[PDB]
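A single chain, nothing else alongside it, follows as structure tokens in the form deposited in one PDB entry.
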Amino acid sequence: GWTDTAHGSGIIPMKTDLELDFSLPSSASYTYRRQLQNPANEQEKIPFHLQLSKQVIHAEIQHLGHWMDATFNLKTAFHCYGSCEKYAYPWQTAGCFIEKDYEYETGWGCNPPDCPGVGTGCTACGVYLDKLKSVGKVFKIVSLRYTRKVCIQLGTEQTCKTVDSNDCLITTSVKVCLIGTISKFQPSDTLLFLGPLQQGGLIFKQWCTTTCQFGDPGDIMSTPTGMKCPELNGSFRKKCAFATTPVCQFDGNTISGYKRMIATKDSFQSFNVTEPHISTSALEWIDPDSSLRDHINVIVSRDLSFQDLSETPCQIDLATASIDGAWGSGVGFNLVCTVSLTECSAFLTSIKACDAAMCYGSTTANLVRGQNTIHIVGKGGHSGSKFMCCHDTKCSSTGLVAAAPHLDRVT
């Protein structure tokens, strides 16, 4: 049946004016001009001009905050009598602290010489992190898009459009196809910028998410809402000796995740960025790595036999019915779309979830004549995004905001 998702052309190669076929780095732009033969005139020439922008990476991201370095500290506070809750402890002022209480445990083989208590008091053990310093900014990739602006001019008619890395642009007599390739980044990668965005960063595959312990990548994060402190990898001990104050011991890791990373820094992957652009839910940049190459094919055919394979009689109207799920999420939001099809018995097409600035996901819709209900998934966006059901360049007149994502550590 009908579909408008085939983006390309049918041609008779005998009737083709020009074909360009080449490899181009993702971070390279390209310009091409040529005077083509006027078949009707054969005196005055028809200009052809092609412009391809550099490929721009658009990563929907989660702002994870600032990764922090810190120094590990362990302190003992002993009281012969009294519950642990009775006393204040110096570590309770720290950015991060964890306290283990040995309450009502005094005994004459573990007491200082001035303490005759038995089953009393408190040995309070405190681990606290201080000298907290931001070492960089951290982003988690929600999704990736790779686009070039493509401008075609043949005679006096120009068409410019943003084209994704494995898509084609088709005009009256011109087809430009991009064939993507290698992807350096993957969804759920974590990017760490140790300095300004322009200086590039490090890719981490195993940034701590469901359990963060001191020593992990991402163990200590500073966010606008506050510190997010790690758990401890190791365990406390109350060392006892006759006529001696108890001594807190900790047997686990005492070196921050940042210092452990730096010690073996060259185990990780760097990436570099040019022209970075930061937005509410996204980072855009051009990767100066010229080893990443796309394949480009351009056809010009001013002949009646040139076919736009996306052309169908089918027409659709869209309305955004409901939403659930979250913005800024790799799980995403689910948009419910009412899609009405005319002029065709059936129509396979692509329905997109877009806000006023950007699209966040597209679903193949198998439509039948009349009304259809289509669920589509979007990933990314922010709390102000009004998500709409869209097709080609047209969107529904109303949009819906999604809920806030769930990105909480349990402790």
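Rigid core here is just the name for the largest C-alpha set that superposes within 1.5 Å across the two forms. Don't overthink the numbering: it's just position in the shown sequence, from 1.
*Asks:* For the higher mean C-alpha B factor in the entry, choose 90-98 or 269-277.
*Replies:* Comparing averages over the C-alpha atoms only gives 90-98.
*Asks:* Do the CA atoms of 368-376 or those of 33-41 have the higher mean B-factor in the entry?
*Replies:* Stretch with the higher mean C-alpha B-factor: 33-41.
*Asks:* Out of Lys184, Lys131, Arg293, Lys259, which one has a C-alpha B factor higher than all the others in the entry?
*Replies:* Result of the comparison over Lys184, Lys131, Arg293, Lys259: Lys131.
*Asks:* Return the residue from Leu52, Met68, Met358, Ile57 that has the highest Cα B-factor in the entry.
*Replies:* Within the set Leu52, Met68, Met358, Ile57, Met358 shows the top C-alpha B-factor.
*Asks:* Among the chain's modelled residues, which third holds the C-alpha B-factor of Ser23?
*Replies:* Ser23: CA B-factor falls in the lowest third of its chain.
*Asks:* Taking the entry's C-alpha B-factors for this chain, is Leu197 in the lowest, middle or highest third?
*Replies:* According to the entry, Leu197 has a C-alpha B-factor in the chain's highest third.
*Asks:* By the recorded C-alpha temperature factor, relative to the other modelled residues in its chain, which third is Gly8 in?
*Replies:* Lowest third, going by the recorded CA B-factors of the chain.
*Asks:* Considering every modelled residue of the chain and its Cα B-factor in the PDB entry, is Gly381 in the lowest, middle or highest third?
*Replies:* Answer is lowest: the recorded C-alpha B-factor places it there.
*Asks:* Would you please rank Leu169 by its C-alpha temperature factor against the other modelled residues of its chain and give the third it falls in: lowest, middle or highest?
*Replies:* Within its chain, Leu169 is a lowest-third residue by C-alpha B-factor, going by the deposited values.
Another form, the form deposited in another entry, is not on view; read the next lines as being about it.
*Asks:* Which residue in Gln35, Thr373, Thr364, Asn41 stands out, with a C-alpha shift of 2 Å or more between the shown form and the other one when both forms are set on the rigid core?
*Replies:* After core superposition, the one over threshold is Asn41.
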